[PDB]
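Okay, so here's just one chain, in structure tokens, the form deposited in one PDB entry.
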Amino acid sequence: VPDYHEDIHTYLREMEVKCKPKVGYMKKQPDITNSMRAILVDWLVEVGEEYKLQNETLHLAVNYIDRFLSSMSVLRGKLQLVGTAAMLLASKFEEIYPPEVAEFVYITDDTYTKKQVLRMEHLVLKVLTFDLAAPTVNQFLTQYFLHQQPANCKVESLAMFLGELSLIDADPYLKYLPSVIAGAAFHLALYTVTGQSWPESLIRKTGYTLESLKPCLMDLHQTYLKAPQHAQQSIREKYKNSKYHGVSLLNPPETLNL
């Protein structure tokens, strides 16, 4: 257990409320839709894999995207561009070796120029007023993992998987804070694998009871059952690899019993 564990956690709980995109933002977007965002995020996953980027970078990117689209109108042809400068800024923030700009131009298949991605980078910054240290479902997941009796790796990868699905569907997940989704992803993983529930220690740590996580569990369970029928499959394919213990192949439980 690290020196500032409790402290950092309290602080992320303060920050997750400030780093929020407005929930019904897609309703006021004249041209783009949730399913488009879903295509985008899926793509960003493909990109993280190809360039062996941290999952945390993916999460940071999605947060920037949802905050940027919360206040800027974007037309469909420009959607990829926003995502590309999001991903590039997430990389610069979070990675040791971000890929270079030329590598981000390359995976847009040359839809956009270098000159553009750099201008979009500038704008994204301007719009989020340089606020990039956002808490993610991922940060809380790792933080939660330390309260594990004992460390099940399958539970870990599965929670990571479930949390990553949450990125793809703005409806309903934008309704929830990262900590809550994390809580949900964790209990759902734990159960599925070992039958155990969201432990006493976390209830003390997060203040969250199974009962307060229930609405998010209800939705996350659905997503998990419908996962192989879903239009976007990049995450399912990613979590098939041995690196992730093939967790995306495990059968969801039929009922959650709560």
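One-based numbering along the sequence shown. Take the two forms, find the largest set of C-alpha atoms that superpose within 1.5 Å, and that set is the rigid core. Residues that one form lacks are left out of the comparison.
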query: Quick one: higher average CA temperature factor, 216 to 224 or 31 to 39?
result: 216 to 224
- request: On mean C-alpha B-factor from the PDB entry, just flag whether 160 to 168 or 128 to 136 is the higher one.
  value: 160 to 168
message: Checking the record values for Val74, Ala90, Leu141, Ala151, which has the greatest CA B factor?
response: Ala151
message: For the CA B factor values reported in this entry, which option in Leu53, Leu44, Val193, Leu69 has the top one?
response: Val193
message: Based on the deposited C-alpha B factors for this chain, I'd like to know if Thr10 is in the lowest, middle or highest third.
response: lowest
- prompt: How does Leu146 rank on Cα B-factor within its chain, lowest, middle or highest third?
  reply: highest
task: Could you say whether, by C-alpha temperature factor, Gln80 belongs to the lowest, middle or highest third of its chain?
output: lowest
statement: Assert third(CA B-factor, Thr57) within chain per record equals lowest
task: Tell me, lowest, middle or highest third: where does the Cα B factor of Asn63 rank within its chain?
output: lowest
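This protein has a second form, the form solved in complex with a partner chain, left out of what is shown; the following refers to that one.
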message: Using a 4.5 Å heavy atom cut-off, which residue among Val155, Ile181, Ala170, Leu79 comes into contact with the partner chain in the bound PDB entry?
response: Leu79
- request: Consider the chain as shown here, without its partner, and state which of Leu40, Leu58, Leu220, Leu190 has a heavy atom within 4.5 Å of the partner chain in the bound PDB entry.
  value: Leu40
task: Go through 221 to 229, 40 to 48, 207 to 215, 193 to 201 and give me the stretch that gets within 4.5 Å of the partner chain in the bound PDB entry, heavy atoms only.
output: 40 to 48
- prompt: Just to confirm, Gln149 within 4.5 Å of the partner chain in the bound PDB entry by heavy atoms?
  reply: no
task: Report the moving segments between this form and the one not shown: consecutive residues, 3 or more per run, each with a CA shift of 2 Å or more after superposition on the core, given in sequence order.
output: 1 to 3
